[PDB]
Structure formats: structure tokens, C-alpha cells
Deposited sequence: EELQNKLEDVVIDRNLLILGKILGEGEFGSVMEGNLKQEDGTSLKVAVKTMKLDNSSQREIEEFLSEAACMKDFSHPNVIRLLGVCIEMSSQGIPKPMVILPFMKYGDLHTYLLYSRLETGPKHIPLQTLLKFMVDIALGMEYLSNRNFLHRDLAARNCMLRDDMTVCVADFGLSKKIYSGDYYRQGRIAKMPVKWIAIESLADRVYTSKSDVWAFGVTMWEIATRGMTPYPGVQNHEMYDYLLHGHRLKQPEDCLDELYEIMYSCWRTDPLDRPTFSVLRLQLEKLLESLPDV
């Protein structure tokens, strides 16, 4: 396909993360310049892979990570090629922000803009009937301009009650993972459901218990993230409704 990149245009560097592993890289480009890339390994069957990557490579949105292509080193081991992001994942960034060494205290207006950015990304993927299935702040990347894009597309405390039960997954389960992500950002990196263990989570949710309003968090913001966890998927808003709720709340500060 036009998605496959020659292994010779790619030089692999140091390991950055674990998701097999994700590496630093140089991509040699059509214009003779080299581009900083992240290279992530993957766990025939590769035809369905290449075909999915070919599909994702057509994505174009500031708040979705570009898939620049795929390499196959040879047993074939394929590798997803992505623009390198020195600011790393959101979750780590939030934790670092609570240290004096790390980034400055993040004001709420900036925390809401992270949420708007993810909403915009998920709005765009949702429209093309693409399901993420692993939305969480650890899988949102920060670009050099500090804009957030959604990533690592294709964790029980992010799985929506209907997906825990029936092994069903719709865009509305993605909306559930989005509210948990909104909570991770409002809490600046707390694990969801403190004092509840992974095995207790289905029964905790089944008895109607939800993520608790964070201490900083605005009531209006907590109403938006609470709407993402309504029992019936059909009663949850769409990403397009959510994006505009958040855009409108951000406008009023």
C-alpha cells in the first residue's frame, strides 16, 4: 500500500515507553530531510493490520495523532510510525505538574482546554464510526504547542458498565472512558475510584456508585463528566454534544 514505509528510511533509538515498546526514531522523508518519530512495535494477520493502518493514515485532525505509516522488519514484526512528542503522555504531565521541578501548576482553564482538545479528537473519530476502546489520559499525547491529541488506538476502571457485563462496545462506551479521563485531568492524575479494587468495580458500578466530584472541580464540570456514566449508554451525550458543553464552559471564565 502507500502506508508501508521502507525499513531503510528509519533509524531506531532509545525506548521511550511501554505500549510491546515505543522508541525514539529518525524518518528519512521524500524531501531529503529527517523527521523525529516515535516507533511503536505491535503484538496474513498483517494484511488486516496494514489495512487498518491504511485506514487510520487518512485521519486528519489537530486533536488526533497522525499515523505517518508502518515498517515491517523481518518472522515479520510491524512498527507504527508517529510524530515524536517531547512533552509525552498527558497523565505523566499532570503528575509532573504537582512537583516544583516539573511544569507550573496547571490552571483550571488549561485543564478544560485539554478536555476540549480530546472531545474534538473523539468527535472527529466518532463521526467516521471509529471506536477508540482505550481512552485514558495515559493515551493522550501533548504536541509541542501544548494541544492534546488522542493516540494508542488499536484497564477495568475505564471500562463502561455495559462493556464489563456483555462484552459490548459502542462510541457511548468511549464517552464513558472520556468522563473518567475528564476526572483523571480534574484530579491531576489520581487513579479512578480510590479505596476500590479492580475486582470490586463491576459490583460498585452495578449498585449505582460513580467517580466522586473532585475538590477543585466546578459543579457544571462535574455534571458534564457525570453524564458520561449514566447507566443506559443511550442516555449519555455524544462527543459532539460534550465538545460544545466543554467549549461553552471554557468560554465563561
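Checklist entry - Since the structure holds only modelled residues, which stretches of the deposited sequence does it leave out? => result Missing CA coords at 1 to 7, 27 to 28, 53 to 58, 90 to 93, 174 to 192, 292 to 294.
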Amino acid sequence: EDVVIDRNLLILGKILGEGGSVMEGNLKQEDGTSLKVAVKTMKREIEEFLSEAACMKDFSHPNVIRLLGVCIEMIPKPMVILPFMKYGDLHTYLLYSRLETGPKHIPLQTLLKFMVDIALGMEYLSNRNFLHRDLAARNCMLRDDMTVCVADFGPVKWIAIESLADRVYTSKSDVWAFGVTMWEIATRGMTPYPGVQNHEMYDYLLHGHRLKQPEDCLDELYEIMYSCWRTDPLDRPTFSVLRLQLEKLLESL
From here on, numbers count along this sequence of modelled residues.
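For the two forms, the rigid core is made up of the largest set of C-alpha atoms that agree within 1.5 Å on superposition.
Item to check | Which of 5 to 13 and 226 to 234 lies farther from this form in 5 other deposited structures of this protein, as RMS of C-alpha positions after a rigid core fit | outcome: Greater root mean square C-alpha distance in 5 other deposited structures of this protein: 5 to 13.
Checklist entry - Line up the rigid core: which moves more in 5 other deposited structures of this protein, 182 to 190 or 52 to 60, by C-alpha RMS? => result When 182 to 190 and 52 to 60 are compared in 5 other deposited structures of this protein, the bigger C-alpha shift is seen for 52 to 60.
Next on the checklist: Using a one-third cut-off over the other compared PDB entries, is residue 102 one of the residues left without coordinates?
Outcome noted: No; none of the other entries leave residue 102 out.
Checklist entry - Checking the other PDB entries with both flanking residues built, is residue 154 absent in a third or more? => result Looking at the other entries that model residues on either side of it, residue 154 is missing from at least a third.
Checklist entry - For the C-alpha atoms alone, is the average B factor greater in 24 to 32 or in 185 to 193, going by the entry? => result Mean B over CA atoms: larger for 24 to 32.
Checklist entry - Out of 96 to 104 and 171 to 179, which stretch has the higher average CA B-factor listed in the record? => result According to the PDB entry, the answer is 96 to 104.
Item to check | Candidate set 130, 114, 158, 84 [ranked by C-alpha B-factor, highest] | outcome: Top of the list by C-alpha B-factor: 130.
Checklist entry - Considering only modelled residues of the same chain, in which third does the CA B-factor of residue 61 rank: lowest, middle or highest? => result For residue 61, whose C-alpha B-factor we compare with every modelled residue in the chain, the answer is the lowest third.
Next on the checklist: Sorting by Cα B-factor within the chain, modelled residues only, which third would residue 77 end up in: lowest, middle or highest?
Outcome noted: Residue 77: CA B-factor falls in the highest third of its chain.
Next on the checklist: Split into thirds by Cα B-factor across the chain's modelled residues, where does residue 126 land: lowest, middle or highest?
Outcome noted: As the PDB entry reports it, the C-alpha B-factor of residue 126 lands in the middle third of its chain.
Checklist entry - By its CA B factor, does residue 53 count among the lowest, middle or highest third of the modelled residues in the chain? => result Ranked within chain, residue 53 CA B lands in the highest tercile.
Next on the checklist: When the deposited Cα B-factors of this chain's modelled residues are ordered and cut into thirds, is residue 222 in the lowest, the middle or the highest one?
Outcome noted: Within its chain, residue 222 is a lowest-third residue by C-alpha B-factor, going by the deposited values.
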